[PDB]
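Structure, as structure tokens:
Side chains included, hydrogens not; waters and symmetry mates left out as well; all remaining heavy atoms used. Lettering of chains follows the sequences in order, A, B, ..., and the numbering in each one begins at 1.
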Amino acid sequence: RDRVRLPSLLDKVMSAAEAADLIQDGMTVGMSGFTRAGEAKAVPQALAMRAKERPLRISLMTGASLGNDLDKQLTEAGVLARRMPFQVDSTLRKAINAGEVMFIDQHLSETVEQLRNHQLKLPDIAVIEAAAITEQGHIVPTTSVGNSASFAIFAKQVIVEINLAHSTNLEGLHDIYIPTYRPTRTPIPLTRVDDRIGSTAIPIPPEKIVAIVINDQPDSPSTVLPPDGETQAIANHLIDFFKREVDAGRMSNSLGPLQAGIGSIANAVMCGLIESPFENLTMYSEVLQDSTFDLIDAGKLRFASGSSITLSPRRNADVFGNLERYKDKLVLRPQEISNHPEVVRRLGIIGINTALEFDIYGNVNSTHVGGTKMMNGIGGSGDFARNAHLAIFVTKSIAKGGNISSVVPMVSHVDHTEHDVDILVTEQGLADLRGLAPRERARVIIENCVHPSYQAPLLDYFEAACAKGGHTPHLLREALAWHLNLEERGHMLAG
Amino acid sequence: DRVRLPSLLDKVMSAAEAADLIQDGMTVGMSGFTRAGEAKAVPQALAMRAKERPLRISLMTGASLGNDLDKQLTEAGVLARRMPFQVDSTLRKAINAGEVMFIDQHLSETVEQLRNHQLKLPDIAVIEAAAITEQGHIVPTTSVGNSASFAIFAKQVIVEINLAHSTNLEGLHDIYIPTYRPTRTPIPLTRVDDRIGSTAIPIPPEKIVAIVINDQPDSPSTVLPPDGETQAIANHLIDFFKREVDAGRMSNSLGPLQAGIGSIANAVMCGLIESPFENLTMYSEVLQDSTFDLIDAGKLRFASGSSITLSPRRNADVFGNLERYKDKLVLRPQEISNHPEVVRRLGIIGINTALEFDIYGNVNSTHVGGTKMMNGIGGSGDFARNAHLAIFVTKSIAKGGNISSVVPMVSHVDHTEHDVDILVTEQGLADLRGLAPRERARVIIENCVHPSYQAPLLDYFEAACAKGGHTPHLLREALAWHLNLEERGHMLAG
């Protein structure tokens, strides 16, 4: 009654099990959920349980990754034929790397564009987590928007999962906006980070709602680690860089609208900005993490836009227990709009995203171990990096006790070509790549970012490659040898 | 005449005199985009005077230069740096020898970097012009490229009036500069023929420091007539477009078309004359012979570009009778012809040429053997990333079969598989839409690869799958074809 404000919809209230029985073999399902936030839970749990009794296969699209071990449960029950666009789940990841589940990682802003222009098969049914349903039958989401507005609109049928664990005071937080349609599309009329251009609920005709399921279950919390000496060193290198830019008249003291990637390094790098002279910041990001709220509390961050909010347990309790402290400083948008090239380039975003590895020519791998093994997906990193005022990628310089260098002669897999990378940072230092040719980037990368264990070997590769010439020097015999050495002998330097 | 603000006649001087204003250490921003609309006399004089009295400069253009200008400047030892795109075998050699620093940028992005303190400004602009207006504003010639921005950024401007381009070019250009951050508003372009700017480049005439009179045609386009192979590529693509239209997934007017520079893409566009598609529009970077063939055929309504570069007779025919075409054309800054905001808004169908691509859909546009630069990524990334359909084409083999254009892994990624929808060779077409990597590999091997490479590539794929992964590879073998080509002159010679 506070939750379902269109009383006639109460006839569609049913069990998670009854709702899941509406999903059958061969269907495409569009579901809410973005980096643990705002996902349907009871329906997919029920779906996975059911599939162990009698099996089926679906194609599943989300906003991004799911928590609550949902991908694990779906994968183990054999439910997933096809999965997109992003997942964080070691069981699913294993299935994908064994060819058992077809995975398509897409630039996070682009899936709904493909759907709306006939390039991608539409969802048959949308399963959307909600804080409330309005008097008009329109859906108020919870802790993320992600792709849910497009999924609800495109799908022939909608399941709404009302989650009592999220307050009805989330209403107002969201700005649901769908671009106008080709061949006569008009501009996305956003010019400031806090513009409201849409509505607070996802507007659909309520006749297409086929089930309302009542649930009460929290989001899985963010698992970001506390900052350590290395992430602190990364933040300090980056701060020094911004200080040089400001003192040079190339940037102001409020920097630029900030986007920070999902995960501990990027979150830790953002926390690092509390110890800095920078004032009156804004964020135009895809995910909002603990660091968003640390920055607001420090008085540094004026406003943050995102698609998804994902917090550690206490911070989550603090924010959503005391929402009115933050509500005027936040907005949640569809991930298409939080990541939109037109908006990213209009605003001049400063994007800070984490690399799995990068090479001496500035190319970045965000996804594949040894060029073959998928981790999670390219996510929004390409939406921001391509169009950003500054595209910054960060990573510790080594992994596995030194056995792996995060800086290599040639990346095993390219997610961002060197054209979309401006600044690279490890605990060792920072490589400013702006205006530099390939041979110039290599000397700066090797000097600044590479671990002492790998510096001489990487310089030897570069110098021997240069002897063979080219705009972008390589030894075709050796370009991928570190990756092969790791795989065959357990250390990149074991020849 | 021509110099419609009489007080500027003051600044008229020889190419040599004007070239002496360019000083050692300077950044120079020049007009010129794939042979069209470049300054000619001033850079040639620069090169001449250099080999008596060195300097060194950093040269920025719209894109590539004709008239062997890059060659002359390279040989005179003038180029310390060069960006963003070049087509010149002498310069390419220097770049590959580390003698000139080359930065290939996405073509829409250079001016964005310049305006937001991310790249050194030009000290001096050198701009070819059809006329200077009553207000001292510059009417460009056969391209806009980066010339509006260069003239505006630079402290000093050298204008080279070229009598070989008619003053009736005025009206062709729509010079638009975006509003600046942090208060930037949208680019108000929603249709292919929108006029959002001015017909001349607005500068205060006081910045004009020299006017040089020249009379010299642009170097003509080197596009070749279509052969059996480019025809077969055009035909695979037309069959695909037909299937889409037939299935209700596309209109009979396709989408606004972008066609890359060079013979294959131009030949594909000519292919559309022999097709059922009607009322086309183009929103492209360069406009080539095929643009005008398509208009003459009554297929193409309107074309927007940044640059027009034609064959010698087509050139004579078009600019000999511009009134035939003027209402169907517009030229825009390359920032705006290629702008991500416009490309995605309009839903461009982009057709660009690959050097090579791989079984996972990645495209190399620039590097031979992963190391040797050809010309530059150009606009292919601006379009491919943001297009409704990103289509890449190439003949399946080269060098009499010694080279496959379809390889296990590209030696150099310019476009990740995220920006590639459709791949086409004379062998067939691979529709990659919604496909996972292993699915892409099967479709590409079946459809695009030459009979003589099909089984080696399938063997690679099948063997790579045994080691597992979302994107299976053999690390020992992934680059072996490129090594084989280099060591032994044939990709299959191990």
Side-chain angles (χ1 to χ4, degrees), chain A residues 2-23 29-34 37-47 50 62-63 66-68 70 123-178 196 198-219 307-309 316 320-321 323-324 327 330-334:
Chain A
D2 281 3
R3 325 297 300 218
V4 183
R5 308 200 306 255
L6 173 55
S8 55
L9 281 178
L10 292 164
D11 70 347
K12 294 295 161 37
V13 167
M14 66 179 62
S15 73
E18 190 184 326
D21 197 44
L22 299 179
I23 299 168
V29 172
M31 209 170 75
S32 67
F34 195 115
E39 75 215 351
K41 298 167 187 66
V43 173
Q45 289 148 22
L47 189 67
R50 169 64 166 153
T62 60
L66 301 177
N68 278 117
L70 290 177
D124 302 305
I125 185 159
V127 187
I128 312 297
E129 192 187 62
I133 298 172
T134 72
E135 286 81 358
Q136 285 303 296
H138 299 179
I139 304 163
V140 180
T142 60
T143 36
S144 69
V145 182
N147 284 327
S148 298
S150 295
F151 293 164
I153 294 159
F154 298 132
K156 317 154 225 253
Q157 303 182 306
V158 175
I159 303 168
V160 182
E161 212 184 279
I162 298 275
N163 189 356
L164 304 188
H166 294 294
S167 174
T168 56
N169 76 1
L170 293 180
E171 191 169 348
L173 177 63
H174 314 94
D175 194 40
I176 312 304
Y177 176 84
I178 303 301
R196 293 304 176 117
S199 61
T200 57
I202 294 157
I204 48 153
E207 18 287 324
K208 84 191 304 203
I209 292 162
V210 296
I212 295 153
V213 174
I214 312 291
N215 191 30
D216 188 357
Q217 187 178 352
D219 287 344
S307 198
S308 186
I309 292 158
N316 182 75
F320 294 106
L323 188 54
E324 298 309 301
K327 175 132 131 165
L330 300 171
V331 64
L332 294 183
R333 310 182 187 275

Taking 4.0 angstrom as the limit, do A/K41 and A/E129 come out as a salt bridge?
yes

What is the minimum heavy-atom distance between A/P334 and A/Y177, and which atoms define it?
CG-O, 3.6 Å

Minimal heavy-atom distance between A/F34 and A/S308, with the atoms involved, is O-OG, 2.8 Å

Heavy atoms of A/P206 and A/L9 approach each other most closely as O-CD2, 3.7 Å

Less than 4.5 Å apart, side chain to side chain, heavy atoms only: is that true for A/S32 and A/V127?
no

Among residues at least two apart in sequence or on other chains, which ones pass side-chain hydrogen bond (donor to acceptor under 3.5 Å, both in side chains) with A/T143?
A/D219

Apply the test side chain to side chain contact (heavy atoms under 4.5 Å, CB included) to residues A/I159 and A/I125: give CA-CA distance (whole Å), side-chain angles for both, the deciding distance (0.1 Å), then the verdict.
CA-CA 7 Å; A/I159 303 168; A/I125 185 159; 3.6 Å; yes

Is any side-chain heavy atom of A/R333 closer than 4.5 Å to one of A/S307?
no

Does the pair A/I309 and A/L332 meet the rule for a side chain to side chain contact (heavy atoms under 4.5 Å, CB included), with working shown?
CA-CA 8 Å; A/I309 292 158; A/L332 294 183; 3.8 Å; yes

Donor-acceptor contact present, side-chain A/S15 to main-chain A/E18, <3.5 Å
yes

Side-chain contact, heavy-atom cut-off 4.5 Å: A/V4 with A/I212?
yes

What is the distance from atom CG of A/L10 to atom CZ of A/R3, rounded to the nearest 0.5 Å?
13.5 Å

Can you tell me how far apart OG1 (A/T142) and CD1 (A/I128) are? Round to the nearest 0.5 Å.
10.0 Å

salt_bridge(A/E207, A/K12) N-O dist < 4.0 Å:
no

Quick check: does any side chain N or O of A/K156 sit under 3.5 Å from a backbone N or O of A/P123, one acting as donor and the other as acceptor?
no

